[PDB]
Amino acid sequence: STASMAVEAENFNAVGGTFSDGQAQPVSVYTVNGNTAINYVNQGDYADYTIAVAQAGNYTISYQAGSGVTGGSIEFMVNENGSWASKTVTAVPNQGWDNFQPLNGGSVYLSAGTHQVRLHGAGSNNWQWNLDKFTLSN
Ligand SMILES: OC[C@H]1O[C@@H](O)[C@H](O)[C@H](O[C@@H]2O[C@H]3CO[C@@H]([C@@H]2O)[C@@H]3O[C@@H]2O[C@H](CO)[C@H](O)[C@H](O[C@@H]3O[C@H]4CO[C@@H]([C@@H]3O)[C@@H]4O[C@@H]3O[C@H](CO)[C@H](O)[C@H](O[C@@H]4O[C@H]5CO[C@@H]([C@@H]4O)[C@@H]5O)[C@H]3O)[C@H]2O)[C@H]1O
Ligand SMILES: [Ca+2]
Ligand SMILES: [Ca+2]
Ligand SMILES: [Cl-]
Ligand SMILES: [Cl-]
Ligand SMILES: [Cl-]
């Protein structure tokens, strides 16, 4: 029943958000120290992923995330019946925008099948967090 899926944050299928950050897209990509990551993530911004799950299970969520402010949080959601269901919300420690640290995101039950996952800038701050990748582990 062991399974592990690392999803690169830069490999979103869509991004969105209202915050005016002056960029071409509401969430941007950059590289630092060979880590490609999403940045310019603001409050209300989100990044959508499609994930194929062979093995049903209660997966643990781990983010490689960083922030340079207090008040960023990653809300992990799954689309269930054309309706986003909030799964976990995780504050991101303020240890520097480029300083990615493993961050425990709680757990989410994923059936065998294909899931739409949303990572949403859920905290109070105008600026939220940067994200290298996240890993789902059973
Ligand atoms: O006599 C007294 C006055 O003298 C006069 O000469 C002056 O006019 C002055 O008047 C004041 O001037 C300042 C001080 O008070 C206000 C008054 O007008 C004014 O305040 C400034 O106003 C600015 C807008 O006009 C700004 O809001 C400024 O705030 C800052 O603006 C930028 C720079 O630093 C941040 C700060 O909010 C903001 O930058 C953003 O900060 C984010 C962290 O908060 C983050 O780093 C953003 O960047 C992102 O970081 C990582 C995530 O994604 C990417 C992205 O680059 C990256 O990986 C960043 O853009 C405010 O102080 C009298 O003194
Ligand atoms: Ca943004
Ligand atoms: Ca990455
Ligand atoms: Cl990926
Ligand atoms: Cl590194
Ligand atoms: Cl769950």
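Our subject is the structure that appears above.
The text that follows walks through the structure, step by step, so that each part is easy to find. (Residues numbered from 1 in each chain as written, not as in the entry; some residues may be left out. Chains lettered and ligands numbered in written order. Heavy atoms only, no water.)

### Observations concerning the coordination of the calcium ion (ligand 2)
Applied cut-off: In this listing, donors mean N, O and S atoms no farther than 2.8 Å from the metal, or 3.2 Å for Na, K and Ca; water is missing from the atoms, so a site can look incomplete. Helical segments are the DSSP runs of H or I of at least four residues, strand segments are the runs of E of at least two, and each set is numbered from the N terminus. With a 1.4 Å probe rolled over the protein chains alone, any residue whose accessible area is under 20% of its type maximum counts as buried; one over 50% counts as exposed, and the rest are partly exposed.
Protein-derived coordination of the calcium ion (ligand 2) comes from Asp 21 (OD), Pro 26 (O), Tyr 40 (O), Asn 42 (OD1) and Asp 45 (OD), at a distance range of 2.3 to 2.4 Å. The motif formed by the donor residues of the calcium ion (ligand 2), counted along the single chain, is D-x4-P-x13-Y-x1-N-x2-D. Of this pair, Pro 26 sits in the loop between strand 2 (14-16) and strand 3 (28-32) while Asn 42 sits in the loop between strand 4 (35-39) and strand 5 (46-53), and the two are 16 residues apart along the sequence. No difference in accessibility class separates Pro 26 from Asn 42, as the two residues are buried.

### Description of the nonpolar core
Quick note on the threshold: For our purposes a nonpolar core is just a set of buried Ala, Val, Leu, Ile, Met, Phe, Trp, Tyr and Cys residues, chained together by side-chain atoms within 4.5 Å.
Within the largest apolar cluster, 29 residues are counted, with the highest numbers of intra-cluster contacts made by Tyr 63, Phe 76, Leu 119, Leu 131, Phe 134 and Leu 136. Listing elements by their share of this core, those giving two or more residues are strand 1 (4-8), strand 5, strand 6 (57-66), strand 7 (73-79), strand 9 (101-110), strand 10 (113-121) and strand 11 (130-137).

### Remarks on the pattern of salt bridges
Spelled out, the test is: Basic side-chain nitrogens of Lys or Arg form a salt bridge, by our definition, when they fall within 4 Å of a carboxyl oxygen of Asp or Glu.
Tallying each qualifying case throughout the model produces 2 salt bridges. The partner of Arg 118 in a salt bridge is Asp 48, and the shortest N-O contact between them spans 2.7 Å. Residue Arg 118 is found in strand 10, and its partner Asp 48 is found in strand 5; the two are separated by 70 residues along the sequence. In this structure, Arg 118 and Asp 48 share a single accessibility class: buried.

### Some thoughts on unusual backbone geometry
Of note, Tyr 40 is a non-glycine position whose phi angle comes to about 50 degrees, a positive value. In this fold, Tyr 40 is placed in the loop between strand 4 and strand 5. With relative accessibility at 32%, the residue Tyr 40 sits in the partly exposed group. With a phi angle near 80 degrees, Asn 81 is a residue other than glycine that sits in the positive phi range. Here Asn 81 shows up in the loop between strand 7 and strand 8 (84-91). Judged by its relative accessible area of 79%, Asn 81 falls in the exposed class.

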